Amino acid sequence: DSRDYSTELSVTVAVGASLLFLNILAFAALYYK
Amino acid sequence: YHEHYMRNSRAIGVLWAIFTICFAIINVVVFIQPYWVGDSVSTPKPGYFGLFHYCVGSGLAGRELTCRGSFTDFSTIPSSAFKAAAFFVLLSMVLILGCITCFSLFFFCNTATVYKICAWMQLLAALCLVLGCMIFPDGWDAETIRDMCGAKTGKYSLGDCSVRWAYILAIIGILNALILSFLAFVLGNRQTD
Amino acid sequence: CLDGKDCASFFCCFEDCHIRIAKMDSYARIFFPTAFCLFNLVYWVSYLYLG
Ligand SMILES: CCCCCCCC/C=C\CCCCCCCC(=O)O[C@H](COC(=O)CCCCCCCCCCCCCCC)COP(=O)(O)OC[C@@H](O)CO
Ligand SMILES: CCCCCCCCCCCC(=O)OC[C@H](COP(=O)([O-])O)OC(=O)CCCCCCCCCCC
Ligand SMILES: CC(C)CCC[C@@H](C)[C@H]1CC[C@H]2[C@@H]3CC=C4C[C@@H](O)CC[C@]4(C)[C@H]3CC[C@]12C
Ligand SMILES: CCCCCCCCCCCCCCCC(=O)O
Ligand SMILES: CCCCCCCCCC
Ligand SMILES: [Cl-]
Numbered sequence: 668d669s670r671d672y673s674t675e676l677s678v679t680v681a682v683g684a685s686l687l688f689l690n691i692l693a694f695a696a697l698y699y700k
Numbered sequence: 011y012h013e014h015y016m017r018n019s020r021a022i023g024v025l026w027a028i029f030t031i032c033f034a035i036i037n038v039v040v041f042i043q044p045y046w047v048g049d050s051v052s053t054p055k056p057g058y059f060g061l062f063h064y065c066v067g068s069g070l071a072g073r074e075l076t077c078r079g080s081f082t083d084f085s086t087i088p089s090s091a092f093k094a095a096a097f098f099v100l101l102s103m104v105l106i107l108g109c110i111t112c113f114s115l116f117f118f119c120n121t122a123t124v125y126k127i128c129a130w131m132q133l134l135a136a137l138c139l140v141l142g143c144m145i146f147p148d149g150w151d152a153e154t155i156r157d158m159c160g161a162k163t164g165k166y167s168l169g170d171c172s173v174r175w176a177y178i179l180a181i182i183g184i185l186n187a188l189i190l191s192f193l194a195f196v197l198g199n200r201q202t203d
Numbered sequence: 369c370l371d372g373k374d375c376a377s378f379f380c381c382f383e384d385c396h397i398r399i400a401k402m403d404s405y406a407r408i409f410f411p412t413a414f415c416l417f418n419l420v421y422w423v424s425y426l427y428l429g
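Protein chains in written order, with PDB author numbering: chain H, 668 to 700; chain L, 11 to 203; chain C, 369 to 385, 396 to 429.
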C-alpha cells in the first residue's frame with residue numbers, strides 16, 4: 668500500500684472549500700440589502 | 011419587494027438548515043472515524059488514532075492492525091488530553107443535534123427566538139470543537155502514541171506522523187460552525203425586517 | 369454596534385426573560411420524538427457501519 672495521503676486530503680479540502688463557499692454565498696444573499 | 015424578501019429569507023433559512031445537517035454529519039463522522047493522525051514512511055510502526063480510538067501495527071511486514079480504544083470506556087483512552095478532547099467533541103455533537111431537534115420549534119415559537127437559539131448553540135458547538143482540537147495534541151506525549159509515531163513526538167509536536175482527513179475535516183467543521191452561528195444570528199435579526 | 373445591536377442587542381436576546399410555559403406541552407409533542415429519532419439515527423450508524 669502506498670503510504671501517502673494527498674488525494675485523500677485533496678478531496679477533503681475540496682469538499683470543505685465547497686461547503687465553505689456555499690456558506691459565503693449564503694452571506695452574499697444575506698447582507699445584500 | 012416584500013415577497014422577494016420573504017422568499018429569499020425562507021430559502022436562506024432552508025439552506026441554513028441543510029448546511030446545519032451537513033455540519034452535524036461532519037461532526038458525527040469526525041467523532042467516530044479514527045483518522046485524525048496517521049503513520050508516515052519514517053514511522054517505526056504503522057497505524058492511526060482518533061480522539062479516543064487507536065489502531066497500531068504489529069510490525070511483521072503485514073497489516074495486523076490491533077485496534078484498541080473506546081470513548082465508552084475511558085480507561086482505554088491513551089491520555090487525559092485525549093479524554094478531554096473526545097468529551098468536548100461529543101458535547102459539540104450533542105449541541106448541534108440539539109439545534110437540529112430545535113428546528114421543530116419553528117412551528118410554535120417565534121422565528122427570531124429559534125434562529126437565535128440555534129445561533130448560540132452552534133456558537134457553543136464551535137467553541138467546544140475548538141477546545142477539543144486544541145486539547146487533542148496535548149496527549150501526543152502519551153507512551154503509546156510516542157511508541158507508534160516515534161520518540162520525536164510530543165506535546166504540540168507532530169514529529170514523524172501526519173495529520174489525516176479527520177483532523178482537517180474537524181477544522182473545516184469549526185469554520186462551518188462559526189459561519190452557521192453568524193448566519194443564524196443575522197437571520198434572526200433580519201426576519202423582523 | 370453597526371446595526372446598533374451590541375452583544376446584548378444582536379447576539380443574546382434578554383427580552384422579557396418564562397411566560398409561555400402553559401403551551402410547553404405542545405413543544406414536547408415534536409421535541410421528544412425528534413431527539414429520540416436523532417439519537418437512533420447516529421446510534422445505529424455509529425455501531426453498524428462507521429465503527
Ligand atoms: C438525515 C437527517 C435528518 C434530519 C432531519 C431532522 C428533522 C427536524 C424536525 C423537523 C424539521 C421540519 C421543521 C419545519 C418547520 C418549518 C415551519 C415554518 O415554516 O414556520 C413558518 C416560518 O418559516 C420559516 O421561515 C422558517 C424556515 C426555517 C426552517 C428550518 C427547518 C427546515 C427543515 C426542512 C428539511 C429539509 C430537508 C432535509 C432532509 C435531509 C412560520 O410558522 P407559523 O406562522 O405557523 O408560526 C410560527 C410562529 O412564529 C407563530 O406561531
Ligand atoms: C405510533 C406512532 C403514531 C404517530 C401518529 C402521529 C400523528 C400526529 C398528527 C398530528 C396532528 C396535529 O397536527 O394536531 C396536533 C397538534 C395541533 O397543534 P397544537 O394543538 O399543539 O397547537 O399538532 C402539534 O402541534 C404537534 C404535532 C406533533 C407531530 C409529531 C408527532 C410525532 C409522532 C411520531 C411518534 C413515533
Ligand atoms: C438529545 C439529542 C438532541 C442528542 C442525543 C445525542 C446522542 C446521539 C449521543 C449522546 C451519547 C453518544 C454516544 C457516546 C459514545 C459513543 C461510543 C462510540 O464508540 C460510538 C458513538 C457513541 C455510541 C455515541 C453515539 C451518539 C450518542 C448516543
Ligand atoms: C418510531 C419511533 C422510534 C424510532 C426508532 C426506530 C428504531 C427502533 C430500533 C429497532 C431495533 C432495530 C435493530 C436493528 C439491527 C438489526 O436488526 O440488525
Ligand atoms: C454516511 C455517514 C452518515 C453518518 C450519520 C450522519 C448523522 C446525521 C445526524 C443528523
Ligand atoms: Cl466503542
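We put the beta carbon where it would ideally sit given N, CA and C, even for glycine.
CB contact below 8 angstroms: residue i versus chain C
i, result
"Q201 (chain L)", "no"
"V38 (chain L)", "yes"
"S114 (chain L)", "yes"
"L100 (chain L)", "no"
"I110 (chain L)", "yes"
"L107 (chain L)", "yes"
Proximal chain H residues relative to residue i, where beta-carbon distance stays under 8 angstroms
i, result
"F146 (chain L)", "The contacting residues do not exist; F146 (chain L) stays about 17 angstroms from chain H at best."
Beta carbon of residue i nearer than 8 angstroms to that of residue j
i, j, result
"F81 (chain L)", "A96 (chain L)", "yes"
"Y45 (chain L)", "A187 (chain L)", "no"
"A94 (chain L)", "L139 (chain L)", "no"
"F62 (chain L)", "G79 (chain L)", "yes"
"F113 (chain L)", "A27 (chain L)", "yes"
"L75 (chain L)", "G57 (chain L)", "yes"
"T111 (chain L)", "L419 (chain C)", "no"
"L676 (chain H)", "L185 (chain L)", "no"
"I36 (chain L)", "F98 (chain L)", "no"
"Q43 (chain L)", "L426 (chain C)", "no"
"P88 (chain L)", "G149 (chain L)", "yes"
"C159 (chain L)", "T53 (chain L)", "yes"
"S19 (chain L)", "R174 (chain L)", "no"
"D203 (chain L)", "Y15 (chain L)", "yes"
"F378 (chain C)", "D371 (chain C)", "yes"
"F41 (chain L)", "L107 (chain L)", "no"
"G67 (chain L)", "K126 (chain L)", "no"
"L105 (chain L)", "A135 (chain L)", "yes"
Classification of residue i by the beta-carbon crowding that lies within 10 angstroms, buried from 16 upward
i, result
"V24 (chain L)", "exposed"
"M402 (chain C)", "exposed"
"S191 (chain L)", "buried"
"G142 (chain L)", "buried"
"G72 (chain L)", "exposed"
"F33 (chain L)", "buried"
"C171 (chain L)", "buried"
"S102 (chain L)", "buried"
"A696 (chain H)", "exposed"
"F59 (chain L)", "buried"
"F382 (chain C)", "exposed"
"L692 (chain H)", "exposed"
"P411 (chain C)", "exposed"
"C109 (chain L)", "buried"
"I22 (chain L)", "buried"
"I189 (chain L)", "buried"
Below-8 angstroms beta-carbon distance, residue i vs any chain L residue
i, result
"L426 (chain C)", "no"
"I408 (chain C)", "yes"
"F694 (chain H)", "yes"
"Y405 (chain C)", "yes"
"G429 (chain C)", "yes"
"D374 (chain C)", "no"
"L370 (chain C)", "no"
"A400 (chain C)", "no"
Below-8 angstroms beta-carbon distance, residue i vs any chain H residue
i, result
"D170 (chain L)", "no"
"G67 (chain L)", "no"
"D49 (chain L)", "yes"
"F29 (chain L)", "yes"
"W46 (chain L)", "no"
"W175 (chain L)", "yes"
"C32 (chain L)", "yes"
"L70 (chain L)", "no"
"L185 (chain L)", "yes"
Neighbouring residues, chain L, relative to residue i (Cβ below 8 angstroms)
i, result
"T674 (chain H)", "The premise fails here: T674 (chain H) is roughly 10 angstroms from chain L at the closest Cβ pair, so nothing lies under 8 angstroms."
Closer than 9 angstroms at the beta carbon, the chain H residues around residue i
i, result
"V196 (chain L)", "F694, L697 and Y698"
"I178 (chain L)", "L676, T679, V680 and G683"
Proximal residues of chain C, C-beta to C-beta of residue i below 9 angstroms
i, result
"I42 (chain L)", "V420, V423, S424, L428 and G429"
"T123 (chain L)", "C381 and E383"
Under 8 angstroms by beta carbon: chain C residues contacting residue i
i, result
"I87 (chain L)", "Simply none; closest approach about 15 angstroms."
"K126 (chain L)", "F379, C380 and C381"
Residue i Cβ short of 7 angstroms to ligand 7 heavy atom set
i, result
"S102 (chain L)", "The ligand content of the structure shown is limited to ligand 1, ligand 2, ligand 3, ligand 4, ligand 5 and ligand 6, which means ligand 7 is not among them."
Any chance the region 186-200 of chain L sits against the region 123-132 of chain L, with 3 or more Cβ pairs inside 8 angstroms? yes
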